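Colleague:
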Amino acid sequence: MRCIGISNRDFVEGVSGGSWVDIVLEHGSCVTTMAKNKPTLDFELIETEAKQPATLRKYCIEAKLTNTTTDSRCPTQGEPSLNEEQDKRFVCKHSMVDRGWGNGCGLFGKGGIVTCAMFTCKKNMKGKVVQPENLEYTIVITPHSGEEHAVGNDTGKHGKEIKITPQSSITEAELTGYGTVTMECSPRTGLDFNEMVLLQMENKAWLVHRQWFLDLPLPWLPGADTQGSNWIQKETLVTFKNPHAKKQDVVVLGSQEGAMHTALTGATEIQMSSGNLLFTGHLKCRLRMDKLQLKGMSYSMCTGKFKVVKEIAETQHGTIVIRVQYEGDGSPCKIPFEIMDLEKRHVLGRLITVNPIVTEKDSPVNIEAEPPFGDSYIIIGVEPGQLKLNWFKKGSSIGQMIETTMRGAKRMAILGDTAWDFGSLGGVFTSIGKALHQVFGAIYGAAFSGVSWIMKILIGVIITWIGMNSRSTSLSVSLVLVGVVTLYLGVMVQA
Amino acid sequence: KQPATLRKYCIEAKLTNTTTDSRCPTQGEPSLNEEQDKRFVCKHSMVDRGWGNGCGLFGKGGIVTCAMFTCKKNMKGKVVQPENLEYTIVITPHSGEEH
Amino acid sequence: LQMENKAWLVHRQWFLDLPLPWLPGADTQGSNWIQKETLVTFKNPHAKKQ
Amino acid sequence: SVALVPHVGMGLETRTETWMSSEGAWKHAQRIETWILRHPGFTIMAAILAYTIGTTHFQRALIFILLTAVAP
Amino acid sequence: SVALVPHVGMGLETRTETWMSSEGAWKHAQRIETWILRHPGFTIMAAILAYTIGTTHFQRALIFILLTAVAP
Amino acid sequence: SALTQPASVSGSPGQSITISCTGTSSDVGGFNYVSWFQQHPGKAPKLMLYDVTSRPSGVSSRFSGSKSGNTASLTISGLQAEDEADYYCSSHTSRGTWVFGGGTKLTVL
Amino acid sequence: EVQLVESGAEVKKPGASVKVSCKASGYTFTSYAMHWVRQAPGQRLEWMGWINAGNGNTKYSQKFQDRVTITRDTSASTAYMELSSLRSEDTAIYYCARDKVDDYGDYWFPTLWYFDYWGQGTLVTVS
Ligand SMILES: *[C@@H]1O[C@H](CO)[C@@H](O)[C@H](O)[C@H]1NC(C)=O
Ligand SMILES: *[C@@H]1O[C@H](CO)[C@@H](O)[C@H](O)[C@H]1NC(C)=O
Numbered sequence: 001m002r003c004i005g006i007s008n009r010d011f012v013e014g015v016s017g018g019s020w021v022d023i024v025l026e027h028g029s030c031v032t033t034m035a036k037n038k039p040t041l042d043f044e045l046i047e048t049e050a051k052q053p054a055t056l057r058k059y060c061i062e063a064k065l066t067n068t069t070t071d072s073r074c075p076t077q078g079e080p081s082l083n084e085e086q087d088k089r090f091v092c093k094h095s096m097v098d099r100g101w102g103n104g105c106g107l108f109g110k111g112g113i114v115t116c117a118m119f120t121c122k123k124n125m126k127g128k129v130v131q132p133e134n135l136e137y138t139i140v141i142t143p144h145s146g147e148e149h150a151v152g153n154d155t156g157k158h159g160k161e162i163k164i165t166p167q168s169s170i171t172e173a174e175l176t177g178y179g180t181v182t183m184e185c186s187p188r189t190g191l192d193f194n195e196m197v198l199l200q201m202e203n204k205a206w207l208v209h210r211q212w213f214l215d216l217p218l219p220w221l222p223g224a225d226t227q228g229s230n231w232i233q234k235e236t237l238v239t240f241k242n243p244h245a246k247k248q249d250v251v252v253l254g255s256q257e258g259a260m261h262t263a264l265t266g267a268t269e270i271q272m273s274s275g276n277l278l279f280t281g282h283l284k285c286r287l288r289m290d291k292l293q294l295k296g297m298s299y300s301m302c303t304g305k306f307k308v309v310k311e312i313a314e315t316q317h318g319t320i321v322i323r324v325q326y327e328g329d330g331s332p333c334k335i336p337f338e339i340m341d342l343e344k345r346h347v348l349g350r351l352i353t354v355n356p357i358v359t360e361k362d363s364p365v366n367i368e369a370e371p372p373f374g375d376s377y378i379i380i381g382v383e384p385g386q387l388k389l390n391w392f393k394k395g396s397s398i399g400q401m402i403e404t405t406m407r408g409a410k411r412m413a414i415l416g417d418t419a420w421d422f423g424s425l426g427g428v429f430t431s432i433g434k435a436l437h438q439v440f441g442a443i444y445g446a447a448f449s450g451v452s453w454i455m456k457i458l459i460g461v462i463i464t465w466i467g468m469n470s471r472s473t474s475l476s477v478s479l480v481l482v483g484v485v486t487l488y489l490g491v492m493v494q495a
Numbered sequence: 051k052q053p054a055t056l057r058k059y060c061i062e063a064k065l066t067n068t069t070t071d072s073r074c075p076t077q078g079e080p081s082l083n084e085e086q087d088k089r090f091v092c093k094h095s096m097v098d099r100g101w102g103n104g105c106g107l108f109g110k111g112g113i114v115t116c117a118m119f120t121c122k123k124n125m126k127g128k129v130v131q132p133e134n135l136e137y138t139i140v141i142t143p144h145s146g147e148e149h
Numbered sequence: 199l200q201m202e203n204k205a206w207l208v209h210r211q212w213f214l215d216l217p218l219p220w221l222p223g224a225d226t227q228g229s230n231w232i233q234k235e236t237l238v239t240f241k242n243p244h245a246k247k248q
Numbered sequence: 001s002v003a004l005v006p007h008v009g010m011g012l013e014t015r016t017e018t019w020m021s022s023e024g025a026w027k028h029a030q031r032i033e034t035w036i037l038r039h040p041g042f043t044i045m046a047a048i049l050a051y052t053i054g055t056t057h058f059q060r061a062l063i064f065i066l067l068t069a070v071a072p
Numbered sequence: 001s002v003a004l005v006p007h008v009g010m011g012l013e014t015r016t017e018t019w020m021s022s023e024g025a026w027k028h029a030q031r032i033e034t035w036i037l038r039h040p041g042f043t044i045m046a047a048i049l050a051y052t053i054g055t056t057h058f059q060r061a062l063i064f065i066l067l068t069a070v071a072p
Numbered sequence: 002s003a004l005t006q007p008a009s010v011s012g013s014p015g016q017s018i019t020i021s022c023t024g025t026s027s028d029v030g031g032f033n034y035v036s037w038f039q040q041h042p043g044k045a046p047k048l049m050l051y052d053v054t055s056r057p058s059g060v061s062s063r064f065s066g067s068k069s070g071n072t073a074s075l076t077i078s079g080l081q082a083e084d085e086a087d088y089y090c091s092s093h094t095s096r097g098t099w100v101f102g103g104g105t106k107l108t109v110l
Numbered sequence: 001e002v003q004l005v006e007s008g009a010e011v012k013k014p015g016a017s018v019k020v021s022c023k024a025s026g027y028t029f030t031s032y033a034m035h036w037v038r039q040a041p042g043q044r045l046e047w048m049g050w051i052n053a054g055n056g057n058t059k060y061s062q063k064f065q066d067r068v069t070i071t072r073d074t075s076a077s078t079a080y081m082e083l084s085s086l087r088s089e090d091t092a093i094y095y096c097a098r099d100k101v102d103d104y105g106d107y108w109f110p111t112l113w114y115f116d117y118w119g120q121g122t123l124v125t126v127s
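Chains as they are written, first to last, in PDB author numbering: chain W, 1 to 495; chain B, 51 to 149; chain C, 199 to 248; chain X, 1 to 72; chain E, 1 to 72; chain R, 2 to 110; chain G, 1 to 127.
(1) In the DSSP assignment, the alpha helix (DSSP H) including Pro222 of chain C goes from what residue to what residue?
(2) Could you tell me which whole alpha helix (DSSP H) segments of length 4 or greater appear in the segment 218 to 283 of chain W?
(3) Under 8 angstroms between C-beta atoms, does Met455 of chain W make it to chain E?
(4) Does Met34 of chain G pass the burial test, meaning 16 or more other C-beta atoms within 10 Å, or should it be called exposed?
(5) Run the Cβ filter for me: residues under 5 angstroms from any heavy atom of ligand 2, listed in the order they occur in the chain.
(6) Mind reading off the beta-carbon distance from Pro217 of chain W to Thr236 of chain W? Whole number of angstroms is fine, and I expect it under 8 angstroms.
(7) Run through DSSP, which three-state label would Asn83 of chain W get?
(8) Give the straight-line distance between the Cα atoms of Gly112 of chain W and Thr69 of chain W, rounded to the nearest whole angstrom.
(9) Note down the Cα distance separating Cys185 of chain W from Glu13 of chain W, rounded to an integer number of angstroms.
(10) Please state whether DSSP places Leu45 of chain G in a helix, a strand or coil.
(11) On the criterion of 16 or more Cβ atoms from any shown chain inside 10 Å, does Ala224 of chain C qualify as buried, or is it exposed?
(12) Just how far apart, CA to CA, sit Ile53 of chain E and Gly460 of chain W?
(13) Below 7 angstroms, is the gap between the Cβ of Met34 of chain G and the nearest heavy atom of ligand 1?
(14) Going by the beta-carbon positions, is the gap between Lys122 of chain B and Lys64 of chain B smaller than 8 angstroms?
(15) What residue range does the beta strand (DSSP E) around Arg411 of chain W cover?
(16) Strictly by DSSP, which residues pair up with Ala369 of chain W?
(17) Where are the beta strand (DSSP E) runs, 3 residues long or more, that stay fully inside the segment 28 to 93 of chain R, in chain order?
(18) Would you say the segment 167 to 186 of chain W touches the segment 275 to 292 of chain W, given that touching needs at least three Cβ pairs under 8 angstroms?
(19) So, is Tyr95 of chain G buried or exposed, given that buried needs 16 or more other C-beta atoms within 10 angstroms?
(20) What residue range is occupied by the uninterrupted alpha helix (DSSP H) comprising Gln438 of chain W?
(21) Closer than 8 angstroms by beta-carbon distance: list the chain G residues that pair up with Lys247 of chain C, in chain order.
(22) Does the pairing of the segment 109 to 118 of chain G with the segment 99 to 114 of chain B give three or more beta-carbon distances under 8 angstroms?
Dropping the structure here:
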């Protein structure tokens with residue numbers, strides 16, 4: 001239900017300790033929670049919005065030079081003086097021409113010359129900064145009701161959406177039939193603002209960090225500035241041409257729009273047209289589930305004769321999904337759904353739409369379950385008129401251990417120490433893991449910055465070669481945490 | 051003297067008439083009649099498909115996208131031959147002569 | 199080489215290797231730019247629509 | 001110009017795709033490759049000067065690929 | 001992109017001042033120093049790797065300045 | 002490219018009537034987007050059947066559809082006098098356009 | 001609970017620019033799309049309207065690609081349908097349609113239950 005068919009989804013179960021669990025969720029993925037009760041929910045972060053931005057610095061992109069004036073003076077007598085050097089719209093440069101009697105001054109030396117032209121901008125590029133307050137995520141919560149035609153739809157108001165701010169609180173979600181779920185979200189430490197700048201071309205906008213945005217070779221201008229004429233770094237958008245030793249001239253230096261669309265590689269695009277809608281990053285959510293009902297508890301079992309109305313089809317991650325329809329009487333009831341092996345003894349393989357339900361009519365209902373890694377029967381009824389359905393699930397024996405390992409390592413490569421916040425109070429394992437991971441990410445962060453796709457691989461191979469030829473058991477520490485790790489981060493970078 | 055242009059690059063362009071086309075995950079690759087037109091730019095990729103996408107079979111279906119590439123600023127690179135290349139040299143003596 | 203008003207003097211093999219969409223010396227309803235991929239970029243966010 | 005400093009190693013990379021992932025991941029290697037195929041003799045001279053320094057094979061190959069990668 | 005391969009060492013030199021000399025004559029030497037003083041840890045760790053790989057001081061300084069040069 | 006449902010069908014009140022639409026591989030045979038409508042002559046037509054077989058709220062559980070390849074159907078059990086309307090069809094294509102059916106007039110007497 | 005109403009038009013001339021609006025109530029307008037389908041009297045439902053959103057994009061129909069333009073306004077919570085270059089066969093009933101936009105703002109995949117609630121339709125004539 002809104003989770004199915006979307007790739008890179010993931011499962012969490014275990015609400016141990018109290019009645020909570022830690023989940024972290026990005027904008028691309030969506031998270032399915034499970035328990036021994038407490039019906040399976042689907043969480044997805046759909047918006048990130050910055051409400052009130054304040055501009056930081058306005059850069060120029062396309063300029064023009066009008067009122068080209070120049071002035072020269074005979075050699076060994078000072079510098080030329082010109083009234084347009086006073087006003088700072090005009091860009092200036094001193095150079096040396098050679099003069100004589102043909103140049104009409106005498107003394108046959110190398111005179112001085114100035115040139116001036118006013119710097120009019122006609123295309124801006126403004127960056128904006130936002131506080132870590134006054135920003136408003138939107139997370140949507142969809143229970144596995146198994147409702148008719150509500151599966152994997154990014155459309156549809158089948159689930160509740162709540163808006164969470166750092167000025168907000170425990171944020172109950174009154175979603176009907178199932179009770180009320182509360183979320184202790186941590187939105188301040190989500191994507192690390194007070195570094196991001198939100199620069200903006202004509203109709204596009206990006207998300208770069210502060211120390212990259214400030215030191216650009218474009219002529220800049222501060223944010224609190226009306227009458228935007230006093231451009232400050234004007235000499236990086238003009239060229240002073242003194243080809244021979246004759247008089248010199250000024251030129252404008254084109255448009256750096258497509259030049260800076262080259263410069264904005266590796267910087268995730270956001271959508272600043274109407275509202276500062278981000279669609280990147282994550283946030284960490286503490287999820288308390290003490291007040292979830294089950295919506296199907298205190299219903300009797302079923303009479304029989306179900307009917308499949310849409311053929312089953314496994315997804316990725318090996319979870320089938322079937323739509324069945326009830327034919328019979330006593331319509332609010334459970335569904336006798338179970339996956340058994342051959343020869344009908346063991347009930348192996350679990351459900352994801354746990355406690356399925358027939359509701360209010362003969363409306364078809366969706367059931368998701370996880371079969372075992374071979375052939376297995378599916379039993380969707382009681383004994384007069386069941387529905388035995390064969391199913392073969394490919395692989396799924398040892399490849400989901402290496403596949404789960406690659407999902408965990410990819411999560412530890414994208415997320416930092418926040419990747420350890422995907423489980424519930426390890427104590428001697430989880431807190432120690434993110435402590436060592438945050439000091440190692442601190443050391444690794446104070447290196448490798450500015451280093452691209454290639455050079456992480458290159459000096460990774462260098463560190464492996466220094467390891468493989470060293471002695472005194474520094475070789476193992478010179479491979480296992482630096483060499484192959486920086487090669488893996490060399491491959492899994494620039495998403 | 052006689053320049054003949056060799057090749058002209060584009061500087062600033064414009065994209066109109068954006069069309070796209072997707073298809074079911076196991077059912078091969080999509081195709082458009084705009085794809086064989088040389089004034090349209092295309093690149094295959096793939097999306098996620100399922101019952102919410104009105105598809106079935108829950109996989110990764112291919113997708114194409116088109117756009118009519120239109121230029122509006124050119125850079126004509128002309129070239130000349132070594133003949134009809136006409137220099138000009140002034141000759142002047144040291145006539146002791148005013149100005 | 200020629201811009202709108204400015205003009206340069208570059209050599210051939212540098213001029214032929216610039217990644218930028220091109221078309222031969224006769225335009226005549228050109229509409230046939232060759233390496234068009236160097237001046238567009240196709241975004242596929244989230245493995246959703248592109 | 002401003003078309004340098006291409007915002008590559010800055011942290012900040014999420015699961016979402018960036019502006020030119022898969023169109024900026026290989027432009028450096030293609031640029032160096034067409035540079036070598038247009039300018040071979042500096043790579044021959046880089047092999048010669050890389051060989052005479054570096055009294056082992058590893059730093060000969062290392063100084064060779066670095067001297068190749070410095071020149072555009 | 002097009003703003004790389006900047007048409008520098010291709011012969012064709014004359015007495016006339018080119019399109020960008022004294023503007024493009026020092027752009028790499030400024031952006032490298034800016035990159036160093038805003039990314040120091042790669043220069044310290046590159047000094048560690050350069051001190052490790054290399055016997056005599058000349059190839060240590062050489063591998064240091066090349067490894068500093070190849071990074072953007 | 003359109004849909005080829007017949008001109009007009011009729012039957013006795015109480016039996017089953019079938020209204021089929023034959024489509025191509027880009028509008029019906031590939032995707033599960035096919036919706037049904039009914040149009041009274043003095044009324045705007047309302048949505049009558051969802052994606053293939055699913056049903057809107059309201060209507061009384063007797064309008065069953067199916068897709069048997071390139072053909073999408075609408076089986077109506079229990080004909081009544083309130084079912085005299087223009088039954089049109091619709092589908093969403095892979096191109097991005099919505100197509101529609103030709104049009105069937107259903108009478109009971 | 002969801003109501004869509006239109007603006008009545010009386011009579012037009014061939015070659016003019018007919019215009020019909022759509023006042024929307026019962027929902028937030030910036031999160032649902034708006035379509036425009038037409039039906040000649042006793043004929044087929046011909047799709048004209050294009051996929052709108054909070055930004056207001058289009059998806060050009062094959063038959064009506066270079067003769068019709070649609071606009072909208074979020075501040076009045078309406079959508080505008082303007083057909084120009086009227087010929088003789090353009091007289092029909094003009095319908096509206098509701099569809100639910102994807103939650104990321106950008107709308108490409110339609111809702112499974114597309115075309116839920118429609119307007120009553122206002123007829124136009126050319127002569
Ligand atoms: C710039 O040029 C315009 C038009 O020639 C002129 O009106 C204006 O006074 C000039 N600006 C200055 C500061 O001289
Ligand atoms: C693109 O759309 C515009 C809109 O008027 C028009 O030029 C034409 O219909 C289209 N051009 C094509 C398909 O070549």
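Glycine included, each C-beta is placed from N, C-alpha and C at the ideal position.
Modeller: Working from what's here:
(1) Counting from one through the third sequence, the residue named residue 222 of chain C turns up at place 24. Note, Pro222 of chain C: premise wrong, no alpha helix (DSSP H); beta strand (DSSP E) at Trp220 to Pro222.
(2) 257 to 263
(3) The sequence position of residue 455 of chain W within the first sequence is 455, counting from 1. Yes, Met455 of chain W counts as interfacial toward chain E.
(4) Within the seventh sequence, residue 34 of chain G is the residue found at index 34, counting from 1. Buried is the call here.
(5) B:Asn67, G:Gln65 and G:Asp66
(6) Here residue 217 of chain W refers to the residue found at position 217 of the first sequence. Here residue 236 of chain W refers to the residue found at position 236 of the first sequence. Confirmed, about 5 angstroms.
(7) Against the first sequence, residue 83 of chain W aligns to sequence position 83. The answer is helix: DSSP assigns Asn83 of chain W an H, G or I state.
(8) Stepping through the first sequence from its first residue, residue 112 of chain W is reached at position 112. Stepping through the first sequence from its first residue, residue 69 of chain W is reached at position 69. If I take the Cα positions, the gap works out to 15 angstroms.
(9) To locate residue 185 of chain W, count along the first sequence from 1; it is residue 185. To locate residue 13 of chain W, count along the first sequence from 1; it is residue 13. Distance between the alpha carbons of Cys185 of chain W and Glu13 of chain W is about 19 angstroms.
(10) Taking the first residue of the seventh sequence as position 1, residue 45 of chain G is located at position 45. Three-state DSSP puts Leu45 of chain G in a strand.
(11) For the purposes of this step, residue 224 of chain C is taken as the residue at position 26 of the third sequence. By the neighbour-count rule (16 or more Cβ atoms within 10 Å), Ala224 of chain C is not buried but exposed.
(12) The residue given as residue 53 of chain E occupies position 53 in the fifth sequence. The residue given as residue 460 of chain W occupies position 460 in the first sequence. Rounded to the nearest angstrom, the two C-alpha atoms are 14 angstroms apart.
(13) As a working mapping, residue 34 of chain G is identified with position 34 in the seventh sequence. No, the beta carbon of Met34 of chain G sits no closer than 7 angstroms to any heavy atom of ligand 1.
(14) Within the second sequence, the letter at position 72 stands for residue 122 of chain B. Within the second sequence, the letter at position 14 stands for residue 64 of chain B. Yes.
(15) Mapped onto the first sequence, residue 411 of chain W falls at position 411. Here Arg411 of chain W belongs to no beta strand (DSSP E); instead the alpha helix (DSSP H) covers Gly399 to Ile414.
(16) On the first sequence, position 369 is the one that residue 369 of chain W refers to. Per DSSP, W:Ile320 and W:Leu351.
(17) 35 to 39, 47 to 50, 64 to 68, 72 to 78 and 90 to 93
(18) yes
(19) Indexing the seventh sequence from 1 puts residue 95 of chain G at position 95. Result: buried.
(20) As a working note, residue 438 of chain W is residue 438 in the first sequence. Taken as a continuous stretch (DSSP letters only), the alpha helix (DSSP H) holding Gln438 of chain W covers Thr430 to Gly445.
(21) Against the third sequence, residue 247 of chain C aligns to sequence position 49. By Cβ distance, chain G contributes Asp106, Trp108 and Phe109.
(22) yes
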